[PDB]
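S.K.: Residue numbers for the sequence shown follow PDB author numbering, so the first one is 1 and each next one is one higher. Ideal Cβ placement from N, Cα and C applies to all residues, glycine included. Below is the structure I would like to discuss, written out as structure tokens.
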Amino acid sequence: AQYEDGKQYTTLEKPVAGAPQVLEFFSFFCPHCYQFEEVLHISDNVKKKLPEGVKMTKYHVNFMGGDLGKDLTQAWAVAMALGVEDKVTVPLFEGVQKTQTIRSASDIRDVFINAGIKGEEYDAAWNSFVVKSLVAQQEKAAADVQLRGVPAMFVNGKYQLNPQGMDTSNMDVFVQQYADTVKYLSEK
């Protein structure tokens, strides 16, 4: 067919029940993830082509970047709790990979301060049990799919996107094939 199991996507031998409809995993340390966010804007272009009533989840992972890696997963939980993802995603990517000015939890916090989250509000969330359960949700979702690499995207806990099977001569064409593939899998 035009979309083939094993080509633009793969099928989980062990499907995950009750998984989110579209579930993306990334790391602020991950070079292709930087590309997906800052150059390709994958999450956004997928959103623009997803149907009605299909919600999108994006989670951070621990397995890159050691101690700071875990700090960033917790920081992403803060971002989700406060709803400031769109304000901190770029400065966190650039802080880790471009300028390399993120070297500690305190430097992560600075990004949120600079984006206008109040210090007391950040520190309260950081230490909150609401954020602890969000960190657990992130870990469990990754565990559920045996996640070993990023970026990764799953549709309905059953299908994993396979971008290596797509043409990358043209960025925009690549993005639409990716988005269109997510839409296809979504309607499966």
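What's the C-alpha gap between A77 and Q2?
M.R.: Rounded to whole angstroms, the separation of the alpha carbons of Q2 and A77 is 38 Å.
S.K.: For a test of the three-state rule: what should DSSP assign to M64, helix, strand or coil?
M.R.: coil
S.K.: Measure the alpha-carbon distance for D123 versus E139 and round it to whole angstroms.
M.R.: 22 Å
S.K.: Below 7 Å CB to CB, which residues in the same chain sit around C33 once its five sequence neighbours on both sides are set aside?
M.R.: Close CB contacts of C33 within its chain, under the 7 Å cut and outside five residues either way in sequence, are with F26, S27, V150 and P151 (chain order).
S.K.: What residue ranges within the stretch 27-101 form continuous beta strand (DSSP E) runs of no fewer than 3 residues, ordered along the chain?
M.R.: 56-60
S.K.: When you compare only the Cα positions, how much space is there between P163 and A75?
M.R.: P163 and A75: Cα-Cα distance of roughly 28 Å.
S.K.: Between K7 and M153, what straight-line distance do the alpha-carbon atoms span, to the nearest angstrom?
M.R.: 15 Å
S.K.: Helix, strand or coil for residue 210, going by three-state DSSP, please let me know.
M.R.: Residue 210 is absent from the structure shown; the chain starts at 1 and stops at 188.
S.K.: Have a look at the DSSP bridge pairing and note the partners of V22.
M.R.: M56 and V155
S.K.: Please report how far the alpha carbon of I102 lies from the alpha carbon of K118, in whole angstroms.
M.R.: 19 Å
S.K.: If you follow the alpha helix (DSSP H) that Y122 is part of, which residue opens it and which one closes it?
M.R.: For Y122, the enclosing alpha helix (DSSP H) has its first and last residue at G119 to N127.
S.K.: If you draw a straight line from the C-alpha of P15 to the C-alpha of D44, how long is it?
M.R.: 26 Å
S.K.: Please say whether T57 and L23 have beta carbons closer to each other than 9 Å?
M.R.: yes
S.K.: Classify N114 as buried or exposed, calling it buried when 16 or more other Cβ atoms lie within 10 Å of its own Cβ.
M.R.: Residue environment: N114 is assigned as exposed (fewer than 16 neighbouring CB atoms within 10 Å of its CB, all protein chains considered).
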